[PDB]
Amino acid sequence: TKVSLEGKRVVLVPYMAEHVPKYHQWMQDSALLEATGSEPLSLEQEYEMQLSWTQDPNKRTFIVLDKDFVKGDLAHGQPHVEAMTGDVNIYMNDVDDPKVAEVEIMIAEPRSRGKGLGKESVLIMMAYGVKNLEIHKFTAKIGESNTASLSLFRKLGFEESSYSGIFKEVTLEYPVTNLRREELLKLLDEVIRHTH
Ligand SMILES: CC(=O)SCCNC(=O)CCNC(=O)[C@H](O)C(C)(C)COP(=O)(O)OP(=O)(O)OC[C@H]1O[C@@H](n2cnc3c(N)ncnc32)[C@H](O)[C@@H]1OP(=O)(O)O
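So, here is what we can say about the structure in this document. Note on numbering: residues are counted from 1 along each chain in the order of its written sequence, which can differ from the entry, and residues with no coordinates are hidden. Hydrogens and water molecules were not included; the side-chain quantities draw on all heavy atoms of the structure.

A few words now on the packing of aromatic side chains. Any two of the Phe, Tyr and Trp rings considered here, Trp counted by its six-membered ring, make a pair once their centres fall within 6.5 Å; the pair's planes then place it as stacked at under 30 degrees, edge-to-face at over 60, or tilted in between. Applying the stated criterion to the full structure yields seven aromatic pairs. Residues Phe62 and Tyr128 carry aromatic rings whose centres are separated by 6.3 Å and whose planes lie at 80° to one another, so their mutual orientation is edge-to-face. You can see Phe62 sitting in strand β3 (residues 59-66) and its partner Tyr128 sitting in helix α4 (residues 117-133), a full 66 residues away along the chain. You'll find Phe62 and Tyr128 in the same group, each marked buried. A run of DSSP states H or I qualifies as a helix once it reaches four residues; a run of E qualifies as a strand once it reaches two. Both are numbered from the N-terminal end. Throughout this description, buried means an accessible area under 20% of the type-specific maximum (1.4 Å probe, protein chains only), exposed means over 50%, and partly exposed covers the range between.

Pasting the structure below:
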């Protein structure tokens, strides 16, 4: 990824080595680890994953910045550690269909929760996938007790498609209908790109 994406309240920037120390600190929250799909890493592994995640052709990943905390402009590829808030990604992980993508979202900083940053970050990333990856269905895998994430995805219009009692995990789907495709592309048309 060579660009960052500026919406109304968030900037989605490429995950950089400069972001790793704060990201690693977020991941010390066992609740965050369990709520996301994450295993605890060493710092070494966290740095190596920054390189591998961002080189993976089947993934798109961004660090979420809260625009209220950004100091300086978005035009020079700077990491803006001071505004780091979370992450968002899509993974094309369906062997049967390269136009299906799984979504993940995390807003790790309490000071930035409840401002609509998770919703906007997911919508921008979904729209990016529709335009550039031709995604026609998104999925989300959510722990059965994760009230906050279940609410977010359902309020976006994701619908439950299956449940694993073994893993205590709900899977939701978002078919990209003609109307949703139009809406998402219009939204992305208003997102400012910066070279990064
Ligand atoms: C598919 C996956 O990624 S599963 C893993 C999801 N990530 C996590 O669980 C990490 C821990 N939690 C988080 O990161 C955050 O709580 C998130 C991402 C779930 C929500 O981030 P926020 O930025 O606070 O959400 P945002 O402010 O954009 O609100 C969006 C919707 O989320 C829902 N929501 C957010 N927080 C809560 C909550 N505490 N309880 C219930 N619903 C909630 C609401 O429906 C809200 O819509 P409303 O504002 O109209 O009520």
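Picking up after the structure, the text goes on.
For the rest of this paragraph, the subject is the sheet that holds strand β9 (residues 192-195). Paired strands, as defined in this entry, are two strands with at least two bridges between them according to DSSP. Reading across the sheet, the nine strands line up as β7-β8-β6-β5-β4-β3-β2-β1-β9 and stay open at both edges, with mixed pairing between neighbours. Whereas interior strands pair on both sides, the edge strands pair on one side only; in this sheet they are β7 (159-164) and β9. Along the sheet, successive strands turn relative to each other by an average axial angle of 25°, direction set aside. Lines fitted to the C-alpha atoms define the axes, with helices restricted to the stretch that makes contact. Angles between their N-to-C directions range from 0 to 180 degrees.

With that settled, consider the environment of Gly72. Mapping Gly72 onto the fold places it in the loop between β3 and β4 (84-91). Overall, the relative accessible area of 57% leaves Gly72 in the exposed class. For the pair formed by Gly72 and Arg180, sequence separation is 108 residues and the distance between their alpha carbons is 34 Å.

The next thing to look at is the site of the ligand. Here, proximity means that at least one heavy atom of the residue falls within 4 Å of the molecule or strand. Around the ligand, the structure places 24 residues, and the nearest of them are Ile105, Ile107, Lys119, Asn146 and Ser151. Polar contacts, as used here, are pairs of N or O atoms within 3.5 Å; protein pairs need one atom able to donate a hydrogen and one able to accept it. Residues neighboring in sequence count only if both atoms are side-chain atoms. In the model, an oxygen atom of the ligand is placed 3.0 Å from a nitrogen or oxygen of the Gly116 main chain. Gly118 places a polar main-chain atom, nitrogen or oxygen, 3.0 Å from an oxygen atom of the ligand. Taking 970 Å² as the accessible area of the ligand by itself, protein coverage stands at 74%. Elements that contribute at least two residues to the shell around the ligand include exactly α2 (30-35), β5 (100-107), α4, β6 (137-143) and α5 (147-156). Sort the elements by how many residues they give to the shell around the ligand and α5 lands first, with six residues. Methods summary: accessible areas were calculated by the Shrake-Rupley approach with a probe of 1.4 Å, and residue burial reflects only the protein chains presented.

Moving on, we get to the pairing of β4. By the criterion of burial, β4 is predominantly enclosed, with seven of the eight residues buried. Two elements, β3 and β4, share seven bridges in a ladder whose sense is antiparallel. If you follow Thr61 over to β4, its bridge partner there is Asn89. Across six bridges, the pairing between β4 and β5 is antiparallel. The residue bridging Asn89 from the neighbouring strand is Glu104, located in β5.

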